[PDB]
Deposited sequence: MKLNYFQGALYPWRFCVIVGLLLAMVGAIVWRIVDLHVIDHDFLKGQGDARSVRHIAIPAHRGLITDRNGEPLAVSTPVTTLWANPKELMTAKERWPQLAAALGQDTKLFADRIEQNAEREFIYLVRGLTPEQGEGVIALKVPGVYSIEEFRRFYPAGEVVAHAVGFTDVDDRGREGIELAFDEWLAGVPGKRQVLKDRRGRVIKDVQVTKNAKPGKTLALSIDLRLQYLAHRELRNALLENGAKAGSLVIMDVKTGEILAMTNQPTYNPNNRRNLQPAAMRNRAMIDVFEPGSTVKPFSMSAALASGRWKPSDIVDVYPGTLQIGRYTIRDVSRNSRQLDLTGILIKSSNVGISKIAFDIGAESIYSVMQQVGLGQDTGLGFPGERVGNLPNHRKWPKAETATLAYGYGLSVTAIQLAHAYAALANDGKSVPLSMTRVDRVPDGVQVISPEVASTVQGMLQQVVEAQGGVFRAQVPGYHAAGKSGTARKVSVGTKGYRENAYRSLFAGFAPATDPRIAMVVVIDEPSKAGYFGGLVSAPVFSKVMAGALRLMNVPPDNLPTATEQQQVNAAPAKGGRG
């Protein structure tokens, strides 16, 4: 077994994320060591090992011809412990993984085990491509450029970490997507870990929250309920719903708005004020089937096909016939469960004039053809409405991106609550879709969207549209 050089992983711009570095691995023929017992303690000492346990190991493996002394000394360390000239103690040239970017891309990149086999993230998902084959000569693995832009990953990392301090939040995730190419430009979770130093790792730090944390998305799916309304042929943006007095009794169940200073709202109005009553009334009119079908088409509670280890799917229940309560709770985003990634993919499809491009964690050179999941006119209309949610008076002013026109929706996700913002920018010719998730910290995640989106657009040289 002559181990193969494992393929380099870079960011989209070639910055190194996972590098296999030549290390030395001392191994021993025990049967040949049992003849030079007087050398053992010099050997043990140079391996910073206890003489008795070193000896006890060797003694008990007397009838075996292979054991590992130390795995992965530097070039000149392993050469010092072979210059002692101990009988039965030979050299192997091996490869150790180093992660130059560390904490910043830990969850995305993942890491290899003691064998240099993929254990988490991209290192596992692309193991066959990255590994090559052992020596027959050893054929080296192949280079992999990720979709991640390390400039955007660091900006996203920095800003989510800050926002978690201010709000005394213990966890969160942030996803950034290219709405045109389906590329994940940034995926960051907190807490994070350094994959270079893996002794005592709190298992909550290992959780890739963007891909495994499932939640009811709440008010962030209203734009998709609105898309279904505009495609029904029964609703235009300027049509009015009466939401007074901000409550609605469903037989026994009672729906309450957070803001109840409204009678007549147009369809834009229902999104600015985020009226559960307004969206429920529309939902009764068009039926839950139209809402289910839009949500399914944009990939909520659906397999993302990233083939990424651990990635959860959530659940979008096909009740086939919905009573009035299940109709309302689906329309304002309880009664389904989704990941941050699914929700950013859905928003990407909306931002890209209703065309869903398949998700990619790898650099996309030739973009695959999208699928038209929402008609281009409906998608253009809902973009206009979500621009008003950020821009208009009463709106989420703290999501405004100075220089650009941003579009988006806040929500509270669900037991345990997360603060959510989902949006895209620029509103005129959308480039980036973003989802922010902050655990049990409306106006928490929205300022992060603002700061990270301002940086991302400038880092991608998107001309200001305002």
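Comparing the deposited sequence with the modelled residues shows gaps at 1-56, 192-210, 490-500, 528-534, 560-579, with numbering starting at 1.
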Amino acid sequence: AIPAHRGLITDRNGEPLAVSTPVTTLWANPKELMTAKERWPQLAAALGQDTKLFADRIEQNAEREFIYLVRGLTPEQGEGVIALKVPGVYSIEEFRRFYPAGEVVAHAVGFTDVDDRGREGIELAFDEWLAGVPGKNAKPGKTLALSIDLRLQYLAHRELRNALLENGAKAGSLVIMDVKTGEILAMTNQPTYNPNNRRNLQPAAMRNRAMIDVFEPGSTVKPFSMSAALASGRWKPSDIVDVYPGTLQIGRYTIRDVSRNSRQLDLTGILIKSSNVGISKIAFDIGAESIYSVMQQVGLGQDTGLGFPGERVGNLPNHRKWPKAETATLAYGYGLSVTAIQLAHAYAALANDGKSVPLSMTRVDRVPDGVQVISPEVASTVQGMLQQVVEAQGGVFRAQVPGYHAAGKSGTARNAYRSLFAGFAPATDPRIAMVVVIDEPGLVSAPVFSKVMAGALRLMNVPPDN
From here on, numbers count along this sequence of modelled residues.
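With 19-27 and 453-461 compared on mean CA B-factor from the PDB entry, the stretch scoring higher is 19-27. Averaged over Cα atoms, the B-factor as recorded in the entry is higher for 442-450 than for the other of 10-18 and 442-450. Ranking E183, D213, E216, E94 by Cα temperature factor from the entry places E94 first.
Per the PDB entry, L43 shows the highest C-alpha temperature factor of the residues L43, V437, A399, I432. Placement of the Cα temperature factor of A413 within the chain: middle third of the modelled residues, per the deposited record. In the PDB entry, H319 places in the middle third of its chain by CA B-factor. Placement of the Cα temperature factor of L84 within the chain: highest third of the modelled residues, per the deposited record. In this PDB entry, the Cα temperature factor of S356 sits in the middle third of its chain's modelled residues. Annotation for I341: CA B-factor lies in the lowest third of the chain's modelled residues.
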